[PDB]
Amino acid sequence: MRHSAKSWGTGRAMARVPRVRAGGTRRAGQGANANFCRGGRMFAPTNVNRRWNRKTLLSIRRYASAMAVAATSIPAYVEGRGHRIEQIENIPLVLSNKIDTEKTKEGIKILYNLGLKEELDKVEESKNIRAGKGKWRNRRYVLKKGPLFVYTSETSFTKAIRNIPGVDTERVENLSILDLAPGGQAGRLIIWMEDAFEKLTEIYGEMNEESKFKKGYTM
Amino acid sequence: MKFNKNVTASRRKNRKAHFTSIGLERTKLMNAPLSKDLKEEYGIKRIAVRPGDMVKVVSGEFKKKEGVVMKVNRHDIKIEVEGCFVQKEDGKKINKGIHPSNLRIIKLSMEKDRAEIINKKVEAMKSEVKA
Amino acid sequence: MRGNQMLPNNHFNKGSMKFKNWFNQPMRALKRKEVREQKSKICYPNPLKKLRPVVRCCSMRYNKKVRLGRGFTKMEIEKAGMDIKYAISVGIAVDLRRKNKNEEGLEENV
Amino acid sequence: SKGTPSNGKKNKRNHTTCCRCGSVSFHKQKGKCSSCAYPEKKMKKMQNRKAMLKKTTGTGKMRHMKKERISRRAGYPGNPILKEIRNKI
Amino acid sequence: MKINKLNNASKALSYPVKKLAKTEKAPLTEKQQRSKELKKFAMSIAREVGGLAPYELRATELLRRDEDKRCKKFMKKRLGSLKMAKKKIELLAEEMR
RNA sequence: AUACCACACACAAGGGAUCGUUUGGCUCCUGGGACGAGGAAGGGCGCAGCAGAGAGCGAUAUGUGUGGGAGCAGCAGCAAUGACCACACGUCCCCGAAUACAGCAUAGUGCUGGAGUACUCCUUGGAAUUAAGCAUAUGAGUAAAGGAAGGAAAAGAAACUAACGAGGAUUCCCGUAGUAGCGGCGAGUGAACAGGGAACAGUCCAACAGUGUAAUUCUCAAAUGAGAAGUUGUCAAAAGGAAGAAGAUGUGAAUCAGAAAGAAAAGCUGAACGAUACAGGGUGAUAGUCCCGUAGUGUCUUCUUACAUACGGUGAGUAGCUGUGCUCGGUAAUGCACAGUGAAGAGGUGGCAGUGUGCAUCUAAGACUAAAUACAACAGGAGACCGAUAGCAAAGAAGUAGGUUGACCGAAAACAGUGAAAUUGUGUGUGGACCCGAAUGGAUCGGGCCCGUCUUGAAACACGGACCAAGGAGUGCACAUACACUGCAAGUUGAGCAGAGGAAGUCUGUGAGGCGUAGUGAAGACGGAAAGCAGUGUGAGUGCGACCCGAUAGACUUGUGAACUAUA
RNA sequence: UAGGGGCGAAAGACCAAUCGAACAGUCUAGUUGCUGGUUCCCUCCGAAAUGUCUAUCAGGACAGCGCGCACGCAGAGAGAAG
Ligand SMILES: [K+]
Ligand SMILES: [K+]
Ligand SMILES: [K+]
Ligand SMILES: [K+]
Ligand SMILES: [K+]
Ligand SMILES: [K+]
Ligand SMILES: [K+]
Ligand SMILES: [K+]
Ligand SMILES: [K+]
Ligand SMILES: [K+]
Ligand SMILES: [K+]
Ligand SMILES: [K+]
Ligand SMILES: [K+]
Ligand SMILES: [K+]
Ligand SMILES: [K+]
Ligand SMILES: [K+]
Ligand SMILES: [K+]
Ligand SMILES: [K+]
Ligand SMILES: [K+]
Ligand SMILES: [K+]
Ligand SMILES: [K+]
Ligand SMILES: [K+]
Ligand SMILES: [K+]
Ligand SMILES: [K+]
Ligand SMILES: [K+]
Ligand SMILES: [K+]
Ligand SMILES: [K+]
Ligand SMILES: [K+]
Ligand SMILES: [K+]
Ligand SMILES: [K+]
Ligand SMILES: [K+]
Ligand SMILES: [K+]
Ligand SMILES: [K+]
Ligand SMILES: [K+]
Ligand SMILES: [Mg+2]
Ligand SMILES: [Mg+2]
Ligand SMILES: [Mg+2]
Ligand SMILES: [Mg+2]
Ligand SMILES: [Mg+2]
Ligand SMILES: [Mg+2]
Ligand SMILES: [Mg+2]
Ligand SMILES: [Mg+2]
Ligand SMILES: [Mg+2]
Ligand SMILES: [Mg+2]
Ligand SMILES: [Mg+2]
Ligand SMILES: [Mg+2]
Ligand SMILES: [Mg+2]
Ligand SMILES: [Mg+2]
Ligand SMILES: [Mg+2]
Ligand SMILES: [Mg+2]
Ligand SMILES: [Mg+2]
Ligand SMILES: [Mg+2]
Ligand SMILES: [Mg+2]
Ligand SMILES: [Mg+2]
Ligand SMILES: [Mg+2]
Ligand SMILES: [Mg+2]
Ligand SMILES: [Mg+2]
Ligand SMILES: [Mg+2]
Ligand SMILES: [Mg+2]
Ligand SMILES: [Mg+2]
Ligand SMILES: [Zn+2]
């Protein structure tokens, strides 16, 4: 909308679009402001007042996270997401405390002993450059999802495992649905810490009782 | 992962920083690895290539060749090595430039300030290594 | 205008009207946290907040509820054996505009 | 007639180069510049926002203002021969 | 609508508190007395030096003829307030006596 | 149809679509908010070995000092006697507030002027538009024009609310509320206290200064003197500190080889190794270990901040009143002015005019004040944004080339990639405008008027359309609503805001308000049926540019014009 | 000597190819009951050009005739016989 423009009106054998007032340049007499014009203004310009976020009831958020946690212990769902678990003895996995690990070298040896080798390899081999214009806008590489580790108490193991591709970490008390159901499909593979697994009873309570940690919520 | 928020991870910003570099930052672009023996003769692991030094080409058309560095083009980041050339229709021969990182140093040119440059870097290490 | 509705009344006629968005909400929250933290170091052993009296809310609708007020009165402070200069040094808030009109309200603040 | 033949008589020139602004707009008879109002003390009111931004600070060289910012950054150190005067003051 | 359900009689009820008596401030110290005396004194000297204003003369003249209700109306129109008029009439009356 | 016209296919022309790419734009967040008589901002002119534009710099037109260290892009010459870069300093032509000047203060030195003005304060003040016409009203105390200041500005410690069992400076957020009311009672307009929070801080002058001596400020001398201001009244006390924050910069792990194939391996295949570092960028195809970094760790430099005296209850052309004009939701006057008139020392107020009388709450006509709040230029970080007819007008010497008498107006052009259609030539085939149905070795047979659009009615002697590519029109927000889907249910809820957390996500508290749990009346007053609340979306109404394009007109400027033409 | 103003031996003539009210720029994307245009496929259902009121007659609103979702259900655009 920058330019000085006006319509020539009828009687000149031309369409009555606004035109640019100028002289000495090829720009004289060209068609100015409308959406059907080169260099004109777009239809309904995009605007900051749009509603970016969305609400969801707290009671649904609580219930969805509870049944996402449940699905992490049904083999049919875990396999269905594409985690491969052929070599793993039993689900769920619960690592002890008194893990005194500090180095990544010894950290991987632990994970291999739980049967996770094929799963981890599946992630490392996956790295590829994205198709389309997203590769220009800071979203260049894509990787497959792998195990999530959940802890509750501060331990050295967290900074021993984190550089291994596809390993992900969160605390039990603030466990998110984006981490528990990626892409909106449920049944992510989870490594529990022994403290964290016991805490699930305080957090979600018992059937037909009220949780002390989540006020006003019952299963 | 990066936890410092003052350093950029934008593709657009990293690329501009590369090509518009000047001064000492430009010199950092001309670094090459030293061979295993020289890494015992001197403390350093890598140095900026200069005329008169002796290099093995480890990638490309001229792989396996050895020779003396003739010239260093800073604007178009390339090094000319003695005896790496192409012949035109005329029979005339033109030296083809190689990117620094495809080379490896075999003998160092010790003319001029090189001995002081090396000393300055060794001291900078030890100062913090021994602490 | 057609059909049955509550008759419109939407006030968007004025062309000089300003809009205020709230995209800064999470960031300004983080700044307020960091200012309190550093303020808390400057006076380390002492609480960041002062002590305040309990008063009774205003109308017929809120009579039966008690709330924090602005400051203790010279009479409350004196009855508890302190002096005004000392009270300030120990982190008690003072308000010389307030008056005492009940026995009960005085006894509780003491 | 008012078209082509009247164009032949157009050999006088009412505006010359202004000494304040360069813009070939000083009207000799009126004694006034149509771009910048010379000889009035203040500069003229510009007609619109588009036209005034074409002549703002930062459209030219800003020689003095740039140096001042660098000196402020450095802590106004002054000429090193004369440090004792600075320090006393 | 959660408005206008009680009658005016029941809205007038109140809780039985125990009150505190007001602390009277009647004592006036020696220095405060001299302060007030000097101000009242100064007000005498001004009246002695400069005399009465035109409407005050016209007012006092009406008081001698017992034109009480005329004087009242006159003073109301000059000062605006019926209270100020009642006060100024009483001060003028006392001056004449 | 030998050669014209049309169509199909192959090759050569002609043009620049499409796909692949991007040292640019845009949006949000955080920091910053740094000019001038010591000559600014803006304009002109000069300076290179070969030098037009642009960049850089002033006749010192690549000088000095500090920290580094290898080349100067072409050609000729230079360079460890220091190429080039980074930090500071020195030098800095002419015009311009432009001043050998104007106004003004002090014992004296001096100060102001111009630039910028997004955000803040003070004045002045429209019309288009809506009311389906229009004059009060609306748009709007908005646009435009003037004055002024700072990193914020303004405001600020009750001549304040309230009628409770009361509270207690100012500013900001949630809310009371599209309510009480104002209104050709039409269109439309429209606040306050409470209740929940962020941040918190109070003080000065006058009234009212030692009289057994102006004890007070300044100048010159001197080691104790002269003089100026002032009795129309001067003079009312502490050093001091470690914390807190922002930058700059050093260091920083670990790889080799091969068949086939390619211009080139980093791919693929086997064997290893690092990780508190698998963020991201560069290398001749897709790299943790080839190069620059990153996680982790060192140093250094700046900036911010902190103890003393004496006091109260009368601040006048003011408050108020009469008339008048503007203004506000303020209504028998909410605020502000002008003219007449004009107080008391005791006065002001308690949303409806007057008079009286108790009761409650305050103290005007002098001043200062932090934090929590707003937003350009310039710098830094991010993104479900745009990808060269897009995104800023501008991805190159863009406010440029160029243009107006003037105020002012204003383009195109990416890769030495790919290479579509319109349109042209040559060769080879098939037809005489072309489509649909059905066939021959071969003449052809049957059916069909030119599309889009307003219209009772178009093949029309109704209008738009020469041809091809690319662009090109029901969208966003607020408020009620009916339906479909989801959780809980006499209840329900992501208000703001706090606590946790390598964090614009998520989890947990505290805790208002709103609507519902039953209605009737203008009201006093009375009382007796019917599941709701909050979301995710769809159809639809109203207001904002409101599906896209289009008037003749109206207003406003401290903007321009008598080079053509009129008259002195 | 400059725009609701100038200048005119008067024609509403002339004031930079513009004058029964100049030019530049802004408010402004002024308004429009009027003209033009409004971009993919198949399946199923399917109108009205009438009445009342209107500064109403090239426009609206309310009702009548379509479609979608449908709680439910003895009815019918035809005859007899009184
Ligand atoms: K415009
Ligand atoms: K928080
Ligand atoms: K010009
Ligand atoms: K100015
Ligand atoms: K000024
Ligand atoms: K109208
Ligand atoms: K209309
Ligand atoms: K306006
Ligand atoms: K202030
Ligand atoms: K103030
Ligand atoms: K208040
Ligand atoms: K409060
Ligand atoms: K390294
Ligand atoms: K290889
Ligand atoms: K390489
Ligand atoms: K006072
Ligand atoms: K007055
Ligand atoms: K005050
Ligand atoms: K353009
Ligand atoms: K030009
Ligand atoms: K090309
Ligand atoms: K080509
Ligand atoms: K038509
Ligand atoms: K016909
Ligand atoms: K027509
Ligand atoms: K709409
Ligand atoms: K228009
Ligand atoms: K004449
Ligand atoms: K004419
Ligand atoms: K006019
Ligand atoms: K019409
Ligand atoms: K049918
Ligand atoms: K009709
Ligand atoms: K209807
Ligand atoms: Mg555009
Ligand atoms: Mg694509
Ligand atoms: Mg002439
Ligand atoms: Mg002239
Ligand atoms: Mg009532
Ligand atoms: Mg009561
Ligand atoms: Mg009209
Ligand atoms: Mg009005
Ligand atoms: Mg208004
Ligand atoms: Mg303005
Ligand atoms: Mg005093
Ligand atoms: Mg590549
Ligand atoms: Mg008004
Ligand atoms: Mg009133
Ligand atoms: Mg492209
Ligand atoms: Mg463009
Ligand atoms: Mg010309
Ligand atoms: Mg007809
Ligand atoms: Mg035509
Ligand atoms: Mg298209
Ligand atoms: Mg409501
Ligand atoms: Mg009921
Ligand atoms: Mg439009
Ligand atoms: Mg009009
Ligand atoms: Mg009809
Ligand atoms: Mg028609
Ligand atoms: Zn000028």
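Below, chains carry the letters A, B, ... as their sequence lines are ordered, and counting in each starts from 1.
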Pairing check, [N] versus [M]: Watson-Crick or G-U wobble, both under 3.5 Å?
N: F/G125; M: F/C468; result: no
N: F/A40; M: F/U302; result: no
N: F/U304; M: F/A243; result: yes
N: F/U322; M: F/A157; result: no
N: F/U142; M: F/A398; result: no
N: F/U170; M: F/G141; result: no
N: F/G561; M: G/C65; result: no
N: F/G429; M: F/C7; result: yes
N: F/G348; M: F/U361; result: yes
N: G/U32; M: G/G8; result: no

Of the listed nucleotides ([options]), which one gets closest to any side-chain atom of [X]?
X: B/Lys28; options: F/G293, F/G561, F/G410; value: F/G293
X: C/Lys41; options: F/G244, F/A319, F/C409; value: F/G244
X: A/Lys135; options: F/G195, F/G347, F/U21; value: F/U21
X: D/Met65; options: F/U22, F/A41, F/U251; value: F/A41
X: C/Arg97; options: F/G168, F/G502, F/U120; value: F/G168

Any-strand Watson-Crick or G-U partner of [N], both distances under 3.5 Å:
N: F/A79; result: none
N: F/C463; result: F/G452
N: F/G103; result: F/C111
N: F/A257; result: F/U269
N: F/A518; result: none

Looking at [X], I'd like to know whether one of its side-chain N or O atoms comes within less than 4.0 Å of OP1 or OP2 on [N].
X: D/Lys9; N: F/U565; answer: yes
X: B/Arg104; N: F/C290; answer: no
X: C/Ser59; N: F/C164; answer: no
X: B/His99; N: F/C291; answer: no

Using the [atom1] atoms only, state how far [M] lies from [N], rounded to an integer number of Å.
N: F/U27; M: F/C385; atom1: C1'; result: 8 Å
N: F/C454; M: F/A470; atom1: P; result: 28 Å
N: F/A198; M: F/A367; atom1: P; result: 35 Å
N: F/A158; M: F/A169; atom1: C1'; result: 8 Å
N: F/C368; M: F/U170; atom1: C1'; result: 14 Å

Across the strands shown, which category fits [X] at heavy-atom distances under 4.0 angstrom: base, sugar-phosphate, nothing?
X: B/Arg114; value: nothing
X: A/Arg139; value: sugar-phosphate
X: B/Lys78; value: sugar-phosphate
X: E/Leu79; value: base
X: A/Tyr63; value: nothing
X: B/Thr20; value: base
X: E/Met43; value: base
X: A/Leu58; value: sugar-phosphate
X: C/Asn102; value: sugar-phosphate
X: C/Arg67; value: sugar-phosphate
X: C/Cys58; value: base

Under 3.5 Å, is there a donor-acceptor pair between the A/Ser7 and A/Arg16 side chains? no

Heavy-atom nearest nucleotide on RNA chain G taken for C/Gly3 and for A/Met1; more 5' hit belongs to A/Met1

Contact nearer the 5' end of RNA chain G, comparing D/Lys30 with A/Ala44: D/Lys30

Shortest non-hydrogen contact from B/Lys2 to B/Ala9? CE-CB, 4.1 Å

Sugar of [N] - north (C1'-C2'-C3'-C4' positive) or south (negative):
N: F/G24; result: north
N: F/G281; result: north
N: F/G427; result: north

N/O contacts under 3.5 Å, protein versus nucleotides 53-57 of chain F?
| unit_1 | atom_1 | unit_2 | atom_2 | d |
| --- | --- | --- | --- | --- |
| F/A55 | OP1 | D/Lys61 | NZ | 3.3 |
| F/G56 | OP2 | D/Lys61 | NZ | 3.4 |

Output, in order, the C-alpha distance, side-chain angles, deciding distance and verdict of side chain to side chain donor-acceptor pair (under 3.5 Å) for B/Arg50 and B/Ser109. CA-CA 7 Å; B/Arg50 275 190 175 173; B/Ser109 52; over 6 Å; no

Does the pair [N] and [M] meet both stacking conditions, six-membered ring centres under 5.5 angstrom and ring planes under 30°?
N: F/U440; M: F/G441; answer: no
N: F/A162; M: F/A163; answer: yes
N: F/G146; M: F/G147; answer: yes
N: F/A531; M: F/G532; answer: no
N: F/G31; M: F/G32; answer: yes

With the stacking rule set at 5.5 Å and 30°, tell me whether C/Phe12 counts as stacking on F/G543. no

Nucleotide N/O of nucleotides 65-71 of chain F paired with protein N/O under 3.5 Å:
| unit_1 | atom_1 | unit_2 | atom_2 | d |
| --- | --- | --- | --- | --- |
| F/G68 | OP1 | B/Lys120 | NZ | 3.0 |
| F/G69 | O2' | B/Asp113 | OD2 | 2.7 |
| F/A70 | OP1 | B/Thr27 | OG1 | 3.3 |
| F/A70 | OP2 | B/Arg50 | NH2 | 3.0 |

Please list, for nucleotides 548-559 of chain F, all pairs of protein and nucleotide N/O atoms separated by less than 3.5 Å.
| unit_1 | atom_1 | unit_2 | atom_2 | d |
| --- | --- | --- | --- | --- |
| F/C548 | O3' | A/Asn35 | OD1 | 3.2 |
| F/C548 | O2' | A/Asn35 | OD1 | 3.2 |
| F/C549 | OP1 | A/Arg41 | NH2 | 3.0 |
| F/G550 | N3 | A/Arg16 | NH1 | 3.4 |
| F/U557 | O2' | D/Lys45 | NZ | 2.6 |
| F/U557 | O2 | D/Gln47 | OE1 | 3.4 |
| F/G559 | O5' | D/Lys45 | NZ | 2.9 |
| F/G559 | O4' | D/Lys45 | NZ | 3.3 |
| F/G559 | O2' | D/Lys44 | NZ | 3.3 |

Major versus minor groove for the C/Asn9 side chain (distance under 5.0 Å): major

